[PDB]
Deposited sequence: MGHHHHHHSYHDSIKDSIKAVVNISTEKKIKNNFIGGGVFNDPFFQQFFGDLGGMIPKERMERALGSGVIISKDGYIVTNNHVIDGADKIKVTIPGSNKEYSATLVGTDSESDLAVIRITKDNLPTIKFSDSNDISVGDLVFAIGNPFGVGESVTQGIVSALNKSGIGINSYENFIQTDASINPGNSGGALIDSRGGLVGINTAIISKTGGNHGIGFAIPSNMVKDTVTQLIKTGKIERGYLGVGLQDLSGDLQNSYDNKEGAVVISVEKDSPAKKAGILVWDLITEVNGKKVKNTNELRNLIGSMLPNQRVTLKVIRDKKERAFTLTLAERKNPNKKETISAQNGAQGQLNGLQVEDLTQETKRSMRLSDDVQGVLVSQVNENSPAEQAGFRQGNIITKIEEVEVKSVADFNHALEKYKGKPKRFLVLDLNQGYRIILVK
């Protein structure tokens, strides 16, 4: 049999479908990561974080030497998935395998195209299969593997011994997003350009020593003009049940609400203390631009690296750039531009279109040495 000595014939066709994704051995990085071709039309799947800090996305296909510009079809930050599009025909495509028919001990190979100058393949097994308790993806097998997963092959393919895609490599002993979930996500992203999720409007924490005397999710904040606000949910409410089913923690509440649609009607059990109250309400419901300055929104993750700051965070400033001698550094926060108060990346971009090339005043905060004005 071929596999006594090599797996090359089993994986060679899959290798053809794993592309590199870049911006702007050796110098060619500037490399963002890998992607996988899924349709002959030119659709490619990758991680969200691979293309997160990049406009002008460039794709390198095995045996091409030519970079193709890609446009962002859609993103899903919760699943860390994204679909981009290039204009070309008769492309090699990956063949999907059923990710619920894989077992611990199956041979798998992780394929990446780290720099657009060839593939890199690592060999291992399915080490563990992890099903979350809850949500629309309750029974999806998230894949651990001892095939090396790394930023080189993040966004690339994780294939079985017959060359079928069982997952999308995700780097941040190795994790892969299962291929059934990937198929469904890319189908929703080619349509609709997004994943529509319900939104309640509450910040959440778990119970430690409160006797509330139950389990559930403690409401620590109620966003203004939200369904939770308009329904009458207050801070310190313990959300215990959704539609008559208990939520043990904020994880289950998050995934059950997120598995629901916008404008969908939902009912919640809450403990003020300790009188059960019932609420019935309608559910409601952030990529940034690059340049040489980049910015990003202050997500709860971002302000961790700080509440109540408003505006964008200048994530990185490359050296000797036309925006570094202006005065921009890393970790600053753009709070005002001329007459537009910057509270998010959208405000940033709207301010940028108005009066571009014209003189422009930024009020930008530094955590140390602070508020300074930059005339760009």
Requested in this report: Compare what was deposited with what's modelled and send me the C-alpha-less stretches, numbered from 1.
Outcome: 1 to 3, 28 to 57, 206 to 214, 254 to 257, 332 to 339, 346 to 352, 367 to 369, 441
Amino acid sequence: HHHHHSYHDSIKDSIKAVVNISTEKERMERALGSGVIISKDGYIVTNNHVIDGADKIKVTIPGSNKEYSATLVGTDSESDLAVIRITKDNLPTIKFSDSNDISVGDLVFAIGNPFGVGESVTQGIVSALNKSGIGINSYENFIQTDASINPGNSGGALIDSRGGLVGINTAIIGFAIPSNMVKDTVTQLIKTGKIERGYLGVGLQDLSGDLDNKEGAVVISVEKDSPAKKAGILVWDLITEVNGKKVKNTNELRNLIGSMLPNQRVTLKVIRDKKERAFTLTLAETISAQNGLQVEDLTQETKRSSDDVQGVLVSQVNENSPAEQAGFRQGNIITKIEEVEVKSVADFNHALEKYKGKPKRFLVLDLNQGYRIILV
From here on, numbers count along this sequence of modelled residues.
Query raised in the report: According to the deposited model, is the average Cα temperature factor higher in 51 to 59 or in 37 to 45?
Result: 51 to 59
Report task. Identify the stretch, either 214 to 222 or 92 to 100, whose C-alpha atoms have the larger mean B-factor according to the entry. Result -> 214 to 222
Report task. In terms of CA temperature factor as recorded, identify the highest of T187, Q123, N137, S305. Result -> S305
Requested in this report: Report the third (lowest, middle or highest) to which the CA temperature factor of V266 belongs, ranking only the modelled residues of the same chain.
Outcome: lowest
Query - Third assignment of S77 from its chain's C-alpha B-factors - result: middle
Query raised in the report: Split the chain's modelled residues into thirds by Cα B-factor; is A231 in the lowest, middle or highest one?
Result: middle
Report task. Would you mind ranking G292 by its C-alpha B-factor against the rest of the chain and naming the third, lowest, middle or highest? Result -> highest
Query - Lowest, middle or highest third - CA B-factor, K274 - result: highest
